[PDB]
Structure formats: C-alpha cells, structure tokens
file protein_27.cif (mmCIF, C-alpha atoms)
data_work
#
loop_
_atom_site.group_PDB
_atom_site.id
_atom_site.type_symbol
_atom_site.label_atom_id
_atom_site.label_comp_id
_atom_site.auth_asym_id
_atom_site.auth_seq_id
_atom_site.Cartn_x
_atom_site.Cartn_y
_atom_site.Cartn_z
ATOM 1 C CA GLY G 1 -230.982 47.503 -81.477
ATOM 2 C CA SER G 2 -229.992 50.964 -82.684
ATOM 3 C CA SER G 3 -228.094 52.194 -85.743
ATOM 4 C CA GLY G 4 -227.194 55.652 -87.012
ATOM 5 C CA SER G 5 -225.474 56.208 -90.351
ATOM 6 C CA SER G 6 -226.195 59.863 -91.116
ATOM 7 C CA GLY G 7 -224.534 59.622 -94.516
ATOM 8 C CA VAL G 8 -221.522 57.332 -94.210
ATOM 9 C CA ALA G 9 -218.472 59.592 -93.990
ATOM 10 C CA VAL G 10 -215.277 57.618 -94.596
ATOM 11 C CA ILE G 11 -212.013 58.928 -96.041
ATOM 12 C CA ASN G 12 -210.205 56.428 -98.266
ATOM 13 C CA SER G 13 -207.120 56.753 -100.468
ATOM 14 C CA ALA G 14 -206.271 54.586 -103.476
ATOM 15 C CA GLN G 15 -204.463 54.826 -106.814
ATOM 16 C CA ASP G 16 -206.887 52.729 -108.862
ATOM 17 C CA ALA G 17 -210.026 50.607 -108.531
ATOM 18 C CA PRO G 18 -211.804 47.807 -110.441
ATOM 19 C CA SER G 19 -214.861 48.823 -112.464
ATOM 20 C CA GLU G 20 -215.343 45.755 -114.660
ATOM 21 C CA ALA G 21 -216.482 42.333 -113.454
ATOM 22 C CA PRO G 22 -215.288 38.915 -114.696
ATOM 23 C CA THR G 23 -217.972 37.653 -117.076
ATOM 24 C CA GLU G 24 -218.417 34.167 -118.530
ATOM 25 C CA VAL G 25 -217.693 32.686 -115.101
ATOM 26 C CA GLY G 26 -218.440 29.003 -114.602
ATOM 27 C CA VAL G 27 -217.696 26.303 -112.038
ATOM 28 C CA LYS G 28 -216.902 22.671 -112.838
ATOM 29 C CA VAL G 29 -217.539 19.862 -110.355
ATOM 30 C CA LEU G 30 -214.385 17.739 -110.400
ATOM 31 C CA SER G 31 -215.103 15.462 -107.438
ATOM 32 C CA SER G 32 -217.370 15.157 -104.400
ATOM 33 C CA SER G 33 -215.031 17.484 -102.509
ATOM 34 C CA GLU G 34 -213.276 18.938 -105.555
ATOM 35 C CA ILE G 35 -214.413 21.810 -107.774
ATOM 36 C CA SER G 36 -212.795 24.192 -110.259
ATOM 37 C CA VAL G 37 -213.692 27.866 -110.668
ATOM 38 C CA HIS G 38 -212.854 29.508 -113.995
ATOM 39 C CA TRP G 39 -213.375 33.114 -115.088
ATOM 40 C CA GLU G 40 -212.395 35.689 -117.711
ATOM 41 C CA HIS G 41 -209.589 38.095 -116.812
ATOM 42 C CA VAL G 42 -210.978 41.599 -116.299
ATOM 43 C CA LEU G 43 -209.795 44.453 -118.517
ATOM 44 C CA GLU G 44 -208.355 45.932 -115.323
ATOM 45 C CA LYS G 45 -204.735 44.833 -114.920
ATOM 46 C CA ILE G 46 -204.735 46.657 -111.585
ATOM 47 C CA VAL G 47 -206.500 43.779 -109.834
ATOM 48 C CA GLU G 48 -204.120 41.979 -107.475
ATOM 49 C CA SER G 49 -206.020 38.685 -107.346
ATOM 50 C CA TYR G 50 -209.456 37.065 -107.525
ATOM 51 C CA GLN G 51 -211.417 36.168 -104.392
ATOM 52 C CA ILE G 52 -213.475 33.002 -104.848
ATOM 53 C CA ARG G 53 -216.011 32.658 -102.035
ATOM 54 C CA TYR G 54 -217.844 29.380 -101.430
ATOM 55 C CA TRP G 55 -220.330 28.178 -98.816
ATOM 56 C CA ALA G 56 -223.277 25.839 -98.272
ATOM 57 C CA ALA G 57 -226.867 26.892 -98.961
ATOM 58 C CA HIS G 58 -227.393 27.057 -95.197
ATOM 59 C CA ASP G 59 -224.131 28.886 -94.501
ATOM 60 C CA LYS G 60 -224.035 32.681 -94.760
ATOM 61 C CA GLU G 61 -222.009 34.890 -97.102
ATOM 62 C CA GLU G 62 -220.373 36.284 -93.963
ATOM 63 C CA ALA G 63 -219.250 32.805 -92.914
ATOM 64 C CA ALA G 64 -218.286 31.832 -96.462
ATOM 65 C CA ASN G 65 -214.665 30.807 -97.008
ATOM 66 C CA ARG G 66 -212.321 32.830 -99.218
ATOM 67 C CA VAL G 67 -209.866 31.678 -101.885
ATOM 68 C CA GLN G 68 -207.434 34.315 -103.149
ATOM 69 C CA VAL G 69 -205.359 33.049 -106.074
ATOM 70 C CA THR G 70 -202.786 34.882 -108.190
ATOM 71 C CA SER G 71 -204.450 37.078 -110.812
ATOM 72 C CA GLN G 72 -202.462 34.947 -113.256
ATOM 73 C CA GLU G 73 -204.503 31.832 -112.484
ATOM 74 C CA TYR G 74 -207.350 32.005 -114.999
ATOM 75 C CA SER G 75 -209.098 29.570 -112.658
ATOM 76 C CA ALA G 76 -209.012 28.262 -109.088
ATOM 77 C CA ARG G 77 -209.604 25.046 -107.148
ATOM 78 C CA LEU G 78 -211.800 24.261 -104.141
ATOM 79 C CA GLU G 79 -211.237 21.523 -101.562
ATOM 80 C CA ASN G 80 -212.629 20.312 -98.235
ATOM 81 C CA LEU G 81 -216.240 20.423 -99.428
ATOM 82 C CA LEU G 82 -219.311 18.294 -98.714
ATOM 83 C CA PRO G 83 -220.679 15.557 -101.013
ATOM 84 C CA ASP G 84 -223.969 16.117 -102.837
ATOM 85 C CA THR G 85 -224.248 19.571 -101.268
ATOM 86 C CA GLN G 86 -225.225 22.904 -102.818
ATOM 87 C CA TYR G 87 -222.412 25.457 -102.657
ATOM 88 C CA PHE G 88 -222.803 29.093 -103.699
ATOM 89 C CA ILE G 89 -219.631 30.187 -105.489
ATOM 90 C CA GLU G 90 -218.641 33.681 -106.618
ATOM 91 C CA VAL G 91 -215.552 35.039 -108.374
ATOM 92 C CA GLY G 92 -214.656 38.676 -107.790
ATOM 93 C CA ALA G 93 -211.431 40.462 -108.694
ATOM 94 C CA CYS G 94 -210.013 43.281 -106.569
ATOM 95 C CA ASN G 95 -206.734 44.969 -105.637
ATOM 96 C CA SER G 96 -205.265 46.184 -102.346
ATOM 97 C CA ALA G 97 -206.234 49.679 -103.491
ATOM 98 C CA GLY G 98 -209.941 49.608 -104.284
ATOM 99 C CA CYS G 99 -212.567 46.897 -103.874
ATOM 100 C CA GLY G 100 -214.558 45.612 -106.834
ATOM 101 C CA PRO G 101 -218.138 44.338 -107.221
ATOM 102 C CA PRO G 102 -218.809 40.575 -107.050
ATOM 103 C CA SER G 103 -219.704 38.547 -110.142
ATOM 104 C CA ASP G 104 -222.967 36.735 -110.876
ATOM 105 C CA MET G 105 -224.136 34.342 -108.160
ATOM 106 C CA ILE G 106 -223.677 30.745 -109.307
ATOM 107 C CA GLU G 107 -224.595 27.502 -107.546
ATOM 108 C CA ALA G 108 -222.644 24.238 -107.579
ATOM 109 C CA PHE G 109 -223.693 20.655 -106.848
ATOM 110 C CA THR G 110 -221.015 18.213 -105.695
ATOM 111 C CA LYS G 111 -221.262 14.472 -106.331
ATOM 112 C CA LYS G 112 -222.205 11.706 -103.896
ATOM 113 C CA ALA G 113 -219.312 10.528 -101.724
ATOM 114 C CA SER G 114 -218.787 6.774 -102.033
ATOM 115 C CA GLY G 115 -217.202 4.466 -99.477
ATOM 116 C CA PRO G 116 -216.075 0.888 -98.749
ATOM 117 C CA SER G 117 -219.719 0.056 -98.043
ATOM 118 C CA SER G 118 -219.973 -3.525 -99.303
ATOM 119 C CA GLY G 119 -223.438 -4.485 -98.100
#
call {"tool": "encode", "arguments": {"input": "protein_27.cif", "output": "structure tokens"}}
result
Amino acid sequence: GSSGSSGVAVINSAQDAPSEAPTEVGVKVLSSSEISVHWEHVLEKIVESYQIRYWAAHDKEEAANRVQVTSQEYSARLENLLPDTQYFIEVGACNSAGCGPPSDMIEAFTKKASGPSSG
C-alpha cells in the first residue's frame, strides 16, 4: 500500500566484490528432468561460488530455486524438473563479501517424459 525509500541508506562492509559477469554461458538439456549449466570462470577469483537459478515460465524469480556449486565446477547440474517445460536459467557468481550482477537470461526446453504407455 505505502512505501518510502528516501534514498536507501544501508551500511555494508566487505573486502572485495564481483564486477565481471560470466560470459559465454549456455545450458544443455541432458534429459527430461536433467540439464547441465556451463559458464566461463570470471576474472574475479574472489567469487566463492556460482548461483544457478532455475524456474518455470509461470514461476517467479523470487520463487526460483537456487543451485550453489563450488567455484571450481566450471558447470552445474539440474534435477527434479518438468518434462517439455520452459525453464529460465541464470548463472551468476558472487562471494560472501559482495554480491554480483546476474548473467544473461537464457531459456531451456526439457524433453518429453516417456512412460510404460503401451497402447
């Protein structure tokens, strides 16, 4: 109903912060509920890990899951997804010190889930 910012005034303290984003990021659809998320390591070795968010077209970025994998893993893996469903993925590196900007918004398309259906 009502909101008053008046020039956000927050005091934060950090040693370093990410300024570069992981380019050349692409997602590969392994299976109906399996998908791999690769990305290029940022020039910032300060980043603790990479947060790979993923959600359905209907879902909201706020309700989107989060996958934090060791900064060593050039790529990640997604599970527990829906078949033939659009999923907005995004890879963004960041450390416990400062937060970094998200990478380009990419969309994924899982495959159709098959079953024992005989006829």
call {"tool": "closest_residue", "arguments": {"input": "protein_27.cif", "among": "G:108, G:67, G:14, G:82", "to": "residue 27 (chain G)", "atoms": "only C-alpha atoms"}}
result
G:108
call {"tool": "residues_around", "arguments": {"input": "protein_27.cif", "residues": "residue 24 (chain G)", "least_positions_apart": "2", "cutoff": "9 Å", "atoms": "all atoms listed in the file", "output": "VMD selection string"}}
result
chain G and resid 22 26 38 to 40
call {"tool": "atom_distance", "arguments": {"input": "protein_27.cif", "atom1": "CA of residue 81 (chain G)", "atom2": "CA of residue 49 (chain G)"}}
result
22.4 Å
call {"tool": "resolve_selection", "arguments": {"input": "protein_27.cif", "expression": "the PyMOL selection byres ((chain G and resi 30) around 12)", "output": "VMD selection string"}}
result
chain G and resid 27 to 29 31 to 37 76 to 79 81 83 108 to 112
call {"tool": "resolve_selection", "arguments": {"input": "protein_27.cif", "expression": "the PyMOL selection byres ((chain G and resi 97) around 7)", "output": "VMD selection string"}}
result
chain G and resid 14 to 17 95 to 96 98 to 99
call {"tool": "residues_near_point", "arguments": {"input": "protein_27.cif", "point": "(-225.3, 28.3, -105.7)", "cutoff": "7 Å", "atoms": "only C-alpha atoms", "output": "PyMOL selection string"}}
result
chain G and resi 86-89+105-108
call {"tool": "write_last_selection", "arguments": {"input": "protein_27.cif", "atoms": "C-alpha atoms", "output": "PDB file, in the coordinates of the input"}}
result
ATOM      1  CA  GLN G  86    -225.225  22.904-102.818  1.00  0.00           C
ATOM      2  CA  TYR G  87    -222.412  25.457-102.657  1.00  0.00           C
ATOM      3  CA  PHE G  88    -222.803  29.093-103.699  1.00  0.00           C
ATOM      4  CA  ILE G  89    -219.631  30.187-105.489  1.00  0.00           C
ATOM      5  CA  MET G 105    -224.136  34.342-108.160  1.00  0.00           C
ATOM      6  CA  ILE G 106    -223.677  30.745-109.307  1.00  0.00           C
ATOM      7  CA  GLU G 107    -224.595  27.502-107.546  1.00  0.00           C
ATOM      8  CA  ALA G 108    -222.644  24.238-107.579  1.00  0.00           C
TER       9      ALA G 108
END
call {"tool": "closest_residue", "arguments": {"input": "protein_27.cif", "among": "G:119, G:48, G:23, G:3", "to": "residue 72 (chain G)", "atoms": "all atoms listed in the file"}}
result
G:48
call {"tool": "build_atoms", "arguments": {"input": "protein_27.cif", "residues": "region 67-97 of chain G", "atoms": "N, CA and C atoms", "output": "PDB file, in the frame of the given file"}}
result
ATOM      1  N   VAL G  67    -211.012  32.224-101.168  1.00  0.00           N
ATOM      2  CA  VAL G  67    -209.866  31.678-101.885  1.00  0.00           C
ATOM      3  C   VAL G  67    -209.243  32.724-102.803  1.00  0.00           C
ATOM      4  N   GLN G  68    -208.127  33.299-102.366  1.00  0.00           N
ATOM      5  CA  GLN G  68    -207.434  34.315-103.149  1.00  0.00           C
ATOM      6  C   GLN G  68    -206.262  33.708-103.911  1.00  0.00           C
ATOM      7  N   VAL G  69    -206.406  33.610-105.229  1.00  0.00           N
ATOM      8  CA  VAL G  69    -205.359  33.049-106.074  1.00  0.00           C
ATOM      9  C   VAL G  69    -204.753  34.115-106.980  1.00  0.00           C
ATOM     10  N   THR G  70    -203.483  33.935-107.329  1.00  0.00           N
ATOM     11  CA  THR G  70    -202.786  34.882-108.190  1.00  0.00           C
ATOM     12  C   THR G  70    -203.648  35.277-109.383  1.00  0.00           C
ATOM     13  N   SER G  71    -203.663  36.570-109.695  1.00  0.00           N
ATOM     14  CA  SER G  71    -204.450  37.078-110.812  1.00  0.00           C
ATOM     15  C   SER G  71    -204.063  36.379-112.111  1.00  0.00           C
ATOM     16  N   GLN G  72    -202.942  35.664-112.081  1.00  0.00           N
ATOM     17  CA  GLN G  72    -202.462  34.947-113.256  1.00  0.00           C
ATOM     18  C   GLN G  72    -203.271  33.676-113.488  1.00  0.00           C
ATOM     19  N   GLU G  73    -203.717  33.058-112.398  1.00  0.00           N
ATOM     20  CA  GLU G  73    -204.503  31.832-112.484  1.00  0.00           C
ATOM     21  C   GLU G  73    -205.889  32.113-113.057  1.00  0.00           C
ATOM     22  N   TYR G  74    -206.072  31.786-114.331  1.00  0.00           N
ATOM     23  CA  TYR G  74    -207.350  32.005-114.999  1.00  0.00           C
ATOM     24  C   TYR G  74    -208.480  31.294-114.261  1.00  0.00           C
ATOM     25  N   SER G  75    -208.115  30.329-113.423  1.00  0.00           N
ATOM     26  CA  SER G  75    -209.098  29.570-112.658  1.00  0.00           C
ATOM     27  C   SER G  75    -208.543  29.187-111.290  1.00  0.00           C
ATOM     28  N   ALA G  76    -209.414  28.672-110.429  1.00  0.00           N
ATOM     29  CA  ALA G  76    -209.012  28.262-109.088  1.00  0.00           C
ATOM     30  C   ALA G  76    -209.518  26.860-108.766  1.00  0.00           C
ATOM     31  N   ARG G  77    -209.185  26.374-107.576  1.00  0.00           N
ATOM     32  CA  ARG G  77    -209.604  25.046-107.148  1.00  0.00           C
ATOM     33  C   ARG G  77    -210.134  25.078-105.717  1.00  0.00           C
ATOM     34  N   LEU G  78    -211.197  24.320-105.468  1.00  0.00           N
ATOM     35  CA  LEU G  78    -211.800  24.261-104.141  1.00  0.00           C
ATOM     36  C   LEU G  78    -211.674  22.862-103.547  1.00  0.00           C
ATOM     37  N   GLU G  79    -211.383  22.799-102.252  1.00  0.00           N
ATOM     38  CA  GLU G  79    -211.237  21.523-101.562  1.00  0.00           C
ATOM     39  C   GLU G  79    -211.886  21.571-100.183  1.00  0.00           C
ATOM     40  N   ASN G  80    -212.024  20.405 -99.559  1.00  0.00           N
ATOM     41  CA  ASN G  80    -212.629  20.312 -98.235  1.00  0.00           C
ATOM     42  C   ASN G  80    -214.107  20.689 -98.286  1.00  0.00           C
ATOM     43  N   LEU G  81    -214.817  20.145 -99.268  1.00  0.00           N
ATOM     44  CA  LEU G  81    -216.240  20.423 -99.428  1.00  0.00           C
ATOM     45  C   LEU G  81    -217.080  19.216 -99.019  1.00  0.00           C
ATOM     46  N   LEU G  82    -218.398  19.372 -99.076  1.00  0.00           N
ATOM     47  CA  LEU G  82    -219.311  18.294 -98.714  1.00  0.00           C
ATOM     48  C   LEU G  82    -219.911  17.648 -99.959  1.00  0.00           C
ATOM     49  N   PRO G  83    -220.109  16.322 -99.900  1.00  0.00           N
ATOM     50  CA  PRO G  83    -220.679  15.557-101.013  1.00  0.00           C
ATOM     51  C   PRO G  83    -222.155  15.866-101.233  1.00  0.00           C
ATOM     52  N   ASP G  84    -222.579  15.841-102.492  1.00  0.00           N
ATOM     53  CA  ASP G  84    -223.969  16.117-102.837  1.00  0.00           C
ATOM     54  C   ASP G  84    -224.520  17.264-101.995  1.00  0.00           C
ATOM     55  N   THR G  85    -223.830  18.401-102.028  1.00  0.00           N
ATOM     56  CA  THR G  85    -224.248  19.571-101.268  1.00  0.00           C
ATOM     57  C   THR G  85    -224.151  20.838-102.111  1.00  0.00           C
ATOM     58  N   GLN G  86    -225.195  21.659-102.059  1.00  0.00           N
ATOM     59  CA  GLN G  86    -225.225  22.904-102.818  1.00  0.00           C
ATOM     60  C   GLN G  86    -224.252  23.922-102.235  1.00  0.00           C
ATOM     61  N   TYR G  87    -223.395  24.471-103.088  1.00  0.00           N
ATOM     62  CA  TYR G  87    -222.412  25.457-102.657  1.00  0.00           C
ATOM     63  C   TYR G  87    -222.446  26.690-103.554  1.00  0.00           C
ATOM     64  N   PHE G  88    -222.737  27.840-102.956  1.00  0.00           N
ATOM     65  CA  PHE G  88    -222.803  29.093-103.699  1.00  0.00           C
ATOM     66  C   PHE G  88    -221.408  29.675-103.909  1.00  0.00           C
ATOM     67  N   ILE G  89    -220.948  29.661-105.156  1.00  0.00           N
ATOM     68  CA  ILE G  89    -219.631  30.187-105.489  1.00  0.00           C
ATOM     69  C   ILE G  89    -219.737  31.561-106.142  1.00  0.00           C
ATOM     70  N   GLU G  90    -218.668  32.343-106.037  1.00  0.00           N
ATOM     71  CA  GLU G  90    -218.641  33.681-106.618  1.00  0.00           C
ATOM     72  C   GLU G  90    -217.206  34.157-106.821  1.00  0.00           C
ATOM     73  N   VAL G  91    -216.889  34.559-108.048  1.00  0.00           N
ATOM     74  CA  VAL G  91    -215.552  35.039-108.374  1.00  0.00           C
ATOM     75  C   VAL G  91    -215.537  36.554-108.544  1.00  0.00           C
ATOM     76  N   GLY G  92    -214.746  37.230-107.715  1.00  0.00           N
ATOM     77  CA  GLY G  92    -214.656  38.676-107.790  1.00  0.00           C
ATOM     78  C   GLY G  92    -213.228  39.174-107.679  1.00  0.00           C
ATOM     79  N   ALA G  93    -212.785  39.923-108.684  1.00  0.00           N
ATOM     80  CA  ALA G  93    -211.431  40.462-108.694  1.00  0.00           C
ATOM     81  C   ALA G  93    -211.360  41.783-107.936  1.00  0.00           C
ATOM     82  N   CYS G  94    -210.209  42.051-107.329  1.00  0.00           N
ATOM     83  CA  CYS G  94    -210.013  43.281-106.569  1.00  0.00           C
ATOM     84  C   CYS G  94    -208.553  43.437-106.155  1.00  0.00           C
ATOM     85  N   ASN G  95    -208.111  44.683-106.026  1.00  0.00           N
ATOM     86  CA  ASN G  95    -206.734  44.969-105.637  1.00  0.00           C
ATOM     87  C   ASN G  95    -206.674  45.525-104.218  1.00  0.00           C
ATOM     88  N   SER G  96    -205.460  45.666-103.695  1.00  0.00           N
ATOM     89  CA  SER G  96    -205.265  46.184-102.346  1.00  0.00           C
ATOM     90  C   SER G  96    -205.660  47.656-102.266  1.00  0.00           C
ATOM     91  N   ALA G  97    -205.852  48.274-103.427  1.00  0.00           N
ATOM     92  CA  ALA G  97    -206.234  49.679-103.491  1.00  0.00           C
ATOM     93  C   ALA G  97    -207.739  49.848-103.313  1.00  0.00           C
TER      94      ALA G  97
END
